[PDB]
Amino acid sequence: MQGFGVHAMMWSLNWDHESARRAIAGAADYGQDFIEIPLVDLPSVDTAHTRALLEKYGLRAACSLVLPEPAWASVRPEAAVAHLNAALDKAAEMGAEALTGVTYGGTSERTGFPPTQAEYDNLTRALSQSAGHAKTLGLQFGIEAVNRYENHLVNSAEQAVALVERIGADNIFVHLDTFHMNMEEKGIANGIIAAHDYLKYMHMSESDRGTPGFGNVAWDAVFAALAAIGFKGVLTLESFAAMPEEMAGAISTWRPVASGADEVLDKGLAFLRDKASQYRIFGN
């Protein structure tokens, strides 16, 4: 997996036949290599229809999800493996090439205490199996580190790396997010450096989830590190500019993050491509 991606949430988080068409068509208009398709309600994902759309528009896909609470691997690793293998099945059915995201827990997950080794044992057992399952379907398995307010288990790149190395699977990659790194990394570039070889996927997100290039992310340090480590993965725009007000509680977002999704698609994708070119990402 290599190139420029855009998260389907730039159009919506729904994945009915209409939303799938709008996001895939739109990602094609903006000349993206990948679309990241969220898996929210697995039973309602028509993998035949989606693959038909991806093939029609010449688009590559990765899937992502957050584990629902009944499936949080911290506490319920067996339900984690079920939900993750079910999502992996939809992913491979669609022609997607990876499942990534918060594949190990929730984005509102909290015990009140620091992570315990019992919890990490649950995470590694659960992800041991689902990654093995992904292996049988030709898929790569992603682990996205998120900030301390969303999850208490994987916040820094070093924690994500440590987890990947304990699982010991050869098809798990670290997935970083500049919005989360802006809080978690002691100097955002240190996150990319720590993940180095396991880093194959980036959410390129402004500090306020608005428009990359118009916030507090130090994009020169981010692109410098990506170039210097020889990054050859996927740079996916993630912004909440198209998020409807009903999504607020699920993304902890209480006011508009930008003017509108079209301006974010225009200015943000251009910014990522222009900065990628300035730093010769993918320039072998």
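Position 1 is the first residue in the sequence shown; the rest follow in order.
Legend: mean Cα B-factor per stretch from the PDB entry, 233-241 versus 36-44; the higher mean is in 36-44. In this entry, 53-61 has the higher mean Cα B-factor, the comparison being between 218-226 and 53-61. When the C-alpha B factors of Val161, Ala134, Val154, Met202 are read from the deposited coordinates, the top value falls at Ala134.
Of all the options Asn147, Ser207, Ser130, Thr100, the entry's greatest CA B-factor is assigned to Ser130. Sort the chain's modelled residues by C-alpha temperature factor and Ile172 lands in the middle third, per the entry. For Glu263, the recorded CA temperature factor ranks within the middle third of the chain's modelled residues. In the deposited entry, the Cα temperature factor of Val66 sits in the middle third of values across the chain's modelled residues. Sort the chain's modelled residues by C-alpha temperature factor and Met1 lands in the highest third, per the entry. Annotation for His180: CA B-factor lies in the lowest third of the chain's modelled residues.
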